[PDB]
Amino acid sequence: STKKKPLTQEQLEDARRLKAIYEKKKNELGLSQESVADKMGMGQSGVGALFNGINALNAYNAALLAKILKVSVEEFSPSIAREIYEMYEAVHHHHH
Amino acid sequence: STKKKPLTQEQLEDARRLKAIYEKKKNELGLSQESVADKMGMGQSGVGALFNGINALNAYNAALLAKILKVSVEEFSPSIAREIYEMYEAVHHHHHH
Amino acid sequence: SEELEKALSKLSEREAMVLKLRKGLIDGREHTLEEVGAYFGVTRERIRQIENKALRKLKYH
DNA sequence: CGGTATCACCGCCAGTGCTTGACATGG
DNA sequence: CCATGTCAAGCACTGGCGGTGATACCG
Ligand SMILES: [Ca+2]
């Protein structure tokens, strides 16, 4: 019952770009949704929910996926990439 | 099925360090738990929970706190700051398009 | 044997049992995924899933 | 009084465990 | 041919993230 609330159009676009990178590179990187999931500490269906726009990406998982797929986060989600940059500003000890 | 999970020891410390930074700089910055919550879009029980070790920090709230309090994240949580930098490596590396 | 038996101790008894049955350690036959499935009351695919998780589990420590 | 403390309560969804339908392949 | 194994997608289910808000308490 009680179907899961749909993500935002932007999130859905993020996911579609993510999956497309995945499909395009899986052979040469030698990945399956399953093997990707393992590198991320999770299961196959969990990774799948992310690729198919069912579950939202967070910054942590996006970064993980970018590293696994060997692409920049900017290639699937610009808004998550900006969010990560925003957080990075906060590790900067800056001048006196 | 306890609705809330307890913090690890490291999470408690990060909290203490966080709180101490609030206590030390609240005056120069004209901050209250309340005013800090307002900057973060939550309620004062929200902030209290983070300052007191009731709720763990996450990367986003840590970055916000650091910006409100004018310090770097690693002054209260070196592990969260490491997580932040690693995440930023994924924005930097392997660009195309 | 025992170094093995205690080596298969980091996994759930179920994950361990899936491997032992696949490798013939319980009864002498290298059971198929379907056979192990029927043993555990689930499909061959879920046994495949479990086995993979178990192998990745003992190949990281 | 301005601040803080916690009690005291929980919606919600990201990820799980399993299934199903499609498909690849050595024998 | 098809038993065996692999992959990806869908769904019922739940731990715990990430808070809320009176109200009573402190200096
Ligand atoms: Ca809010």
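Methodologically, a virtual Cβ is constructed for each residue, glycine included, from the backbone with ideal geometry; neighbour enumeration extends over all protein chains shown. A short reminder: the numbers here are calculations on the coordinates, not readings from a lab.
Data overview
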| item | result |
| --- | --- |
| Within segment B:11-33, considering residues that are of a type in the set (D, E) and loosely packed, with under 13 Cβ neighbours inside 10 Å, the one nearest to DNA strand E (Cβ to nearest atom) | B:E23 |
| Residue ranges of helices (runs of 4 or more DSSP H) in segment A:34-96 with at least 2 members touching a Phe, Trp or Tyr at 6+ places or on another chain (Cβ under 9 Å), closer than 29 Å to B:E75 by Cβ and in contact (Cβ under 8 Å) with a residue 12 or more places away in the chain | A:59-69, A:78-89 |
| Candidate set from segment B:20-75 (those that are away from chain A (no Cβ under 14 Å) and of a type in the set (D, E)); member that is farthest from the ligand (Cβ to nearest atom) | B:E28 |
| Helices (runs of 4 or more DSSP H) wholly inside chain C containing at least 1 residues that are aromatic (F, W, Y) | C:33-40 |
| Any hit, segment B:79-86, residues being within 10 Å of the chain's Cα centre (by Cα) and within 14 Å of the ligand (Cβ to nearest atom) | no |
